[PDB]
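Chain naming here is simple, since letters A, B, ... match the order of the sequence lines and numbering starts at 1 in each.
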Number of protein chains: 2
Amino acid sequence: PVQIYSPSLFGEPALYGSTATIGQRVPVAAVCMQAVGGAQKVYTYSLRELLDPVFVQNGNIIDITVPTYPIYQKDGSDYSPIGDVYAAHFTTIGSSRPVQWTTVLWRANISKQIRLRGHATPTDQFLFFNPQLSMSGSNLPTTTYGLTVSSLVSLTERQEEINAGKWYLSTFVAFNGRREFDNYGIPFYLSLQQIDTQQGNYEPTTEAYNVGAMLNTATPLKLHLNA
Amino acid sequence: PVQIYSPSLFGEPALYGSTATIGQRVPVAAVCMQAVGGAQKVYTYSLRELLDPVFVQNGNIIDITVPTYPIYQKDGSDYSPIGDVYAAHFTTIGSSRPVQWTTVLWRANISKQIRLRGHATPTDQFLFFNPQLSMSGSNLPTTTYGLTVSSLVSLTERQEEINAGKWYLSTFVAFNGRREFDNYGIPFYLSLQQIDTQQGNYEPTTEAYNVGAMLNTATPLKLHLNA
Ligand SMILES: [Ca+2]
């Protein structure tokens, strides 16, 4: 595996999860990941710049760009490649109400405006594990994580800028979803039902740190290379 | 300036702030930072182990051990050294209600049980910038940070184990406090008043990520060397 880190931009949002499919509905415009040699697809609105990443393997800084699979945009009925994925990692978060989180590291190969827009009927929800300060009695606090699920919305049309050569994170998450496909052993999940916006706390996992689903201090990303 | 990152242990709490002083009251047992050329001191119960840290300076992994100042424990009236500080950084988060935050990287020089015990009268409060998913209408969410302040408590006696050779983070924070002293340029602030548990949101800063006051994705700590 590759350990990944980078300074964040001023006010740059943290990684999060989005869903945009209910029944047969799909978003009008979104970031798409289709399986190699397959027609299956998942969607996302997650697009996070890595301002200046650093890649580390087995304690040594390496150059990832010295077997990739592309990442597309869906723009209406028109899919188009926007970059290539170098590493990805998946993990199941939770027990009786699992959240499947797939993070992919990719480098844009075109400097373009990426349109995001949900289906006209509200279908778009967003997921985040918000770190909380937990106190039981008069002891040292710990960090718990709650699952924040936004209410259903129809994502207003918007333009997001990507630049050739830059690195980007993109999650593909699902709430109690199905195994749609996998790419080089990394599964990709999809859920098709509205998510109850009332959710409890989720026990932390060391893989949720690796995929970036739960924030922690000085904790780098850690994904599998395409192999 | 050194970038630091590390994988977190299973469920390891994220960096938080602690205050333990009101008026002339000081904790019974806590981690102490003394001015290199003075008798001034600040206190904390923050003590977070870095499982397997990596230090990066100007793009390259470095061995930071090849001018340090000690970090002590206060145990009753007794003070004793427990480690040596290799890097530190300071920043203020907020305008009308500022929070002074100093993070110090240090390596333990003894393996023993460190005593934490607040004053008998409640004096201990803890502070955390909890990352939140905020949504304005039907648009992409952002990450805001609220200021979680625990209620006044008297920290129950406890023992925290440290091991010589391991790396530990420790914060020294204040809520609209005074600059007690500085160690190799990095100021250390102290607050001597109970903190109102009702607080608002704090706008992001790049320094908050570097010192680790606000969590972000794949974002390392970045502290100054001792010079
Ligand atoms: Ca002693």
Worksheet entry | Pair A:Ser138, B:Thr156: side-chain N/O donor-acceptor within cut-off below 3.5 Å | yes
Fill in: Part of A:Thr219 lying under 4.5 Å from any heavy atom of chain B
both
Practice prompt. Please indicate whether A:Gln57 has more than 12 foreign heavy atoms, meaning atoms of other residues, nucleotides or ligands, lying under 6.0 Å from its CD.
Written response: yes
Worksheet item: Between atom OG of B:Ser134 and atom CG of A:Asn130, what is the distance when rounded to the nearest 0.5 Å?
Response: 12.0 Å
Item to complete: Using a cut-off of 6.0 Å, state whether more than 12 heavy atoms not belonging to A:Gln193 lie near its atom CD.
Response: no
Discussion item. Around atom CG of A:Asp196, are there more than 12 heavy atoms from other residues, nucleotides or ligands closer than 6.0 Å?
Written reply: yes
Fill in: Rounded distance [0.5 Å steps], CD1 in A:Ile61 versus CD1 in B:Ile61
4.5 Å
Practice prompt. Would you name the heavy atoms of A:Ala14 and B:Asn216 that are closest together and state the gap between them?
Written response: CA-OD1, 3.5 Å
Worksheet item: From B:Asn139 CG over to A:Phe126 CZ, what is the distance, rounded to the nearest 0.5 angstrom?
Response: 8.5 Å
Item to complete: Report the option among A:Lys222, A:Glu157, A:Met214, A:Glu12 that has the most heavy-atom pairs separated by less than 4.5 Å from atoms of chain B.
Response: A:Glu12
Response to the item:
The interface call for A:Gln3 against chain B, heavy-atom contacts under 4.5 Å, is side chain
Item to complete: State the OG1-CG distance between A:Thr217 and B:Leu221, to the nearest 0.5 angstrom.
Response: 7.5 Å
Fill in: Point-to-point distance, once rounded to the nearest 0.5 Å, from CG of A:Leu140 to CG of B:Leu47
9.5 Å
Worksheet item: By a 4.5 Å heavy-atom criterion (distance strictly below it), what part of A:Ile4 contacts chain B: side chain, backbone, both, or neither?
Response: backbone
Worksheet item: Between B:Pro220 and A:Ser6, what is the shortest heavy-atom contact and its length?
Response: CD-O, 3.4 Å
Response to the item:
When the 4.5 angstrom heavy-atom criterion is applied to A:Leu51 and chain B, the contacting part is neither
Worksheet item: Less than 4.5 Å apart, any side-chain heavy atom of A:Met135 and any of B:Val153?
Response: yes
Fill in: Reported OG1-to-CZ distance for the pair A:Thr143 and B:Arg48, which is rounded to 0.5 angstrom
8.0 Å
Item to complete: Would you mind checking which part of A:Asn210 comes under 4.5 Å of any heavy atom in chain B, side chain (CB onward), backbone (N, CA, C, O), both or neither?
Response: neither
Discussion item. Within the supplied structure, the quantity of interest is the number of heavy atoms (other residues, nucleotides, ligands) at a distance under 6.0 Å from B:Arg97 CZ; does it exceed 12?
Written reply: no
Discussion item. Between A:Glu203 and chain B, with a heavy-atom cut-off of 4.5 Å, which part of the residue counts as in contact: side chain, backbone, both or neither?
Written reply: neither
Worksheet entry | Leading residue by heavy atom contact count with chain B [cutoff under 4.5 Å; candidates A:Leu50, A:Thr142, A:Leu155] | A:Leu155
Worksheet item: If you count heavy-atom pairs under 4.5 Å between each of B:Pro131, B:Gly11, B:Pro7 and chain A, which one has the most?
Response: B:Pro131
Worksheet item: Under a 4.5 Å heavy-atom cut-off, does chain B meet the side chain of A:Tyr209, its backbone, both or neither?
Response: side chain
Fill in: Portion of B:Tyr16 that has a non-hydrogen atom of chain A nearer than 4.5 angstrom
side chain
Worksheet item: If you count the non-hydrogen atoms of other residues, nucleotides and ligands that lie under 6.0 Å from CD in A:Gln113, is the total more than 12?
Response: yes
